[PDB]
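Fold and contact review
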Amino acid sequence: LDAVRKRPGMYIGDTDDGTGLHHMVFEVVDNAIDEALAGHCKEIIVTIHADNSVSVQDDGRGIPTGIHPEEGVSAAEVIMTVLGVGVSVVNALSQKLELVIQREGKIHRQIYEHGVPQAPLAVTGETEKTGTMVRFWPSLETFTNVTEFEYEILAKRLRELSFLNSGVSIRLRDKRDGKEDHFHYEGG
Amino acid sequence: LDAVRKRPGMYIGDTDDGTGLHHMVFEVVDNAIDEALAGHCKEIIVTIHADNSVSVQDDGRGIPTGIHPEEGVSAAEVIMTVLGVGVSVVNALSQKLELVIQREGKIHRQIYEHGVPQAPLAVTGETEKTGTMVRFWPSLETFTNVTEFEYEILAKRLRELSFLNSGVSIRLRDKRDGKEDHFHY
Ligand SMILES: Nc1nc2ccccc2[nH]1
Ligand SMILES: O=[N+]([O-])c1ccc(O)cc1
Ligand SMILES: O=[N+]([O-])c1ccc(O)cc1
């Protein structure tokens with residue numbers, strides 16, 4: 001991850017005019033869509049929290065959690081820490097990132113700070129559901145000037161995405177003011 | 001450096017009881033002593049600053065500054081960012097690290113934050129002096145409980161080092177209270 005830290009702009013885009021900031025969300029959303037597409041119900045929920053973090057969750061199969069035989073850490077951690085640009089860039093540029101994966105009857109949790117895992121991926125409970133949830137707090141050390149998410153920028157993009165990804169239900173919720181939207185297109 | 005950030009204790013020592021914290025200084029001092037041995041005057045100065053950062057400097061030749069053929073960045077940056085454990089570990093666990101090198105008639109400076117260079121090593125002026133200086137501010141995200149340097153812990157180890165590195169002069173200064181020592185065997 002140090003290459004990204006060294007020159008963030010080369011990976012996420014402009015870190016001062018808000019474009020890179022929102023790009024962080026879109027990158028996570030792209031992964032979420034992929035996940036949602038591989039399951040039956042296909043629902044993604046994007047939430048703008050009051051503390052200016054954003055969470056993206058999908059009800060897919062859950063990203064893999066088993067230990068990578070070469071890397072020596074869980075697959076999820078490899079996905080988050082190795083290398084659209086990929087969620088690892090997002091992790092790298094986030095002051096905090098919370099990862100929750102529901103898969104095989106188990107809830108797995110992990111926390112990262114500036115892309116550094118605070119502990120290995122851990123099974124903390126049981127669950128009847130499946131899916132992946134990522135919540136991130138953009139690093140204020142990286143993102144300057146524009147540091148708060150604009151609902152409209154997210155809504156417009158999610159709306160466009162919904163038509164391209166038929167069958168995928170996409171919900172947008174803004175806990176700062178209670179605004180909500182639901183983009184769902186059939187087509188196929 | 002992510003391996004280091006992930007398990008700091010395994011590289012620098014216990015991050016809660018002061019062990020690791022003081023080890024940071026010792027790692028830098030090892031490099032400094034090596035530089036001093038290679039120079040003419042042979043003196044190093046270790047300063048505990050008021051803000052609980054520590055600087056270590058030598059009057060040696062100055063660490064290499066040219067671009068590393070394989071890494072593509074200055075040799076100094078390679079030293080600070082590529083894996084005693086080495087000063088890259090110290091860099092990794094420091095919220096800030098300032099590097100200054102006086103070599104071949106030029107002054108070179110670079111700043112790091114959590115092991116990340118803020119810019120490439122750069123020539124900032126001319127000088128007749130030679131040597132290297134590194135000042136680091138231990139990350140308080142990593143070091144807990146014991147977060148302030150203890151003069152006696154540093155002094156004890158520096159005294160041991162003075163005997164072992166006989167020709168080298170070692171000064172310890174504490175700016176928090178004016179305390180100082182001079183170890184020279
Ligand atoms: N605050 C802060 N910024 C960081 C950048 C890289 C690794 C750890 C870090 N902690
Ligand atoms: O891979 N990822 O980073 C993801 C995948 C799915 C999701 O809902 C959020 C993030
Ligand atoms: O290589 N280093 O990190 C050094 C070298 C010399 C010095 O005085 C301080 C630090």
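Below, the structure is looked at part by part. (Residues numbered from 1 in each chain as written, not as in the entry; some residues may be left out. Chains lettered and ligands numbered in written order. Heavy atoms only, no water. Residues with missing side-chain atoms left out of burial classes, pairs and counts.)

1. Notes on the pairing of strand β7 (residues 131–138) of chain B
Every regular strand shows the same layout, with side chains that alternate between the two sheet faces. All names here are of chain B. Short version of the rule: In this scheme, a residue with accessible area under 20% of its type's maximum is buried, one over 50% is exposed, and one in between is partly exposed, where area comes from a 1.4 Å probe on protein chains only. Put simply, DSSP H or I for four residues or longer makes a helix, DSSP E for two residues or longer makes a strand, and each gets a number counted from the N terminus. Pairing between strands requires that DSSP locate at least two bridges from one strand to the other.
Summarising burial for β7: 8 of the 8 residues are buried, a large majority. Neither face of β7 is open: one carries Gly131, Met133, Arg135 and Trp137, the other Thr132, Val134, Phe136 and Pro138, and all of them are buried. Two elements, strand β2 (residues 54–58) and β7, share 5 bridges in a ladder whose sense is antiparallel. What sits directly across from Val56, in β7, is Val134. As paired strands, strand β3 (residues 94–103) and β7 are joined by 8 bridges and run antiparallel to one another. By the bridge assignment, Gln102 is partnered in β7 with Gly131.

2. Structural notes on the site of ligand 1
Heads up, the rule is: Here, proximity means that at least one heavy atom of the residue falls within 4 Å of the molecule or strand. By the criterion applied in these results, polar contacts are pairs of N or O atoms within 3.5 Å in which, for protein atoms, one can donate a hydrogen and the other can accept it, and in which residues neighboring in sequence qualify only through two side-chain atoms.
Taken together, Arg5(A), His114(A), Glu141(A), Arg5(B), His114(B) and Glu141(B) make up the full set of residues near ligand 1. Taken together, the residues near ligand 1 originate from chains A and B. One of the side-chain nitrogen or oxygen atoms of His114(A) is found 3.3 Å away from a nitrogen atom of ligand 1. Within the contact set of ligand 1, a nitrogen atom lies 3.4 Å away from a side-chain nitrogen or oxygen of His114(B).

3. A look at the site of ligand 2
All names here are of chain A. Formally: Working definition of accessibility: Shrake-Rupley area with a 1.4 Å probe, residue cover restricted to the visible protein chains.
Around ligand 2, a shell composed of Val28, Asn31, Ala32, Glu35, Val56, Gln57, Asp58, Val87, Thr132 and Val134 is seen. Within the side chain of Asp58, a nitrogen or oxygen atom sits 2.6 Å from an oxygen atom of ligand 2. The separation between an oxygen atom of ligand 2 and a polar main-chain atom of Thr132 is 3.0 Å. Protein chains shield 97% of the accessible area of ligand 2, which is 280 Å² for the free molecule.

4. Quick word on the environment of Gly39(A)
All names here are of chain A. Here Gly39 lies in the loop between α3 (19–37) and β1 (43–48). When its relative accessible area of 23% is taken as the criterion, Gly39 is described as partly exposed. Along the sequence, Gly39 and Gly60 sit 21 residues apart, while their C-alpha atoms lie 5.2 Å from each other.

5. Overview of the packing of aromatic side chains
Both the distance between ring centres and the angle between the ring planes are used here to describe each pair of aromatic rings. Operational definition: Here a pair means two rings of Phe, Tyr or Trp (six-membered ring of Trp) with centres within 6.5 Å. Their orientation is stacked below 30 degrees between planes, edge-to-face above 60, and tilted elsewhere. Criterion for a charge above a ring: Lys NZ or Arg CZ within 6 Å of the ring centre, and within 35 degrees of the ring normal.
Enumeration over the complete set of coordinates arrives at 4 aromatic pairs over all chains. Positioned above the aromatic ring of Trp137(B), the side-chain terminus of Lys96(B) is 5.0 Å from the ring centre.

6. A few points about the interface of chain A and chain B
Put simply, the rule is: By definition in these notes, contact holds between two residues if any of their heavy atoms fall within 4.5 Å. Here the buried area means the combined drop in accessible surface, using a 1.4 Å probe, for two parts upon being joined, counting both sides. In what follows, salt bridge is the name for a side-chain nitrogen of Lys or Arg lying within 4 Å of a carboxyl oxygen of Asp or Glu. Only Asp, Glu, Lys and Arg are considered charged in this grouping, and only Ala, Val, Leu, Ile, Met, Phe, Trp, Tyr, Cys and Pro are considered nonpolar; every other residue, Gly among them, is considered polar.
Counting residues at the interface gives 8 residues for chain A and 8 residues for chain B. Around 810 Å² of area is buried between chain A and chain B when both sides are counted, 44% of it from carbon and sulfur atoms. Our count for the chain A to chain B interface comes out at 4 salt bridges. Notably, a salt bridge pairs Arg5(A) with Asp2(B), separated by 3.1 Å at the nearest N-O pair. Taken together, the links from chain A to chain B amount to 4 residue pairs in polar contact. Only α1 (2–6) and β5 (116–117) of chain A provide two or more residues apiece to the side of chain A that touches chain B. Ranked by residue count, the leading element in the side of chain A that touches chain B is α1(A), at 3 residues. Across the side of chain A that touches chain B, the residue classes break down as 4 nonpolar, no polar and 4 charged.

7. Quick look at a negative patch on the surface
Spelled out, the test is: Each patch is built from residues lacking any salt bridge and having more than 30% relative accessible area; the joining distance is 9 Å for like charges and 5 Å for nonpolar side chains (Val, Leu, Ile, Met, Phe, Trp, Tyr). Here the positive residues are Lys and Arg and the negative ones are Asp and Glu; neither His nor the chain ends is included. Charged groups are reduced to one reference atom each: NZ for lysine, CZ for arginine, CG for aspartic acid, CD for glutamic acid.
Negative charge collects at one region of the surface, where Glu113(A), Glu141(A), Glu113(B) and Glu141(B) lie side by side. If you trace the backbone, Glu141(A) turns up in the loop between β7 (131–138) and α6 (151–164).

So yeah, pure geometry; function would need other evidence.
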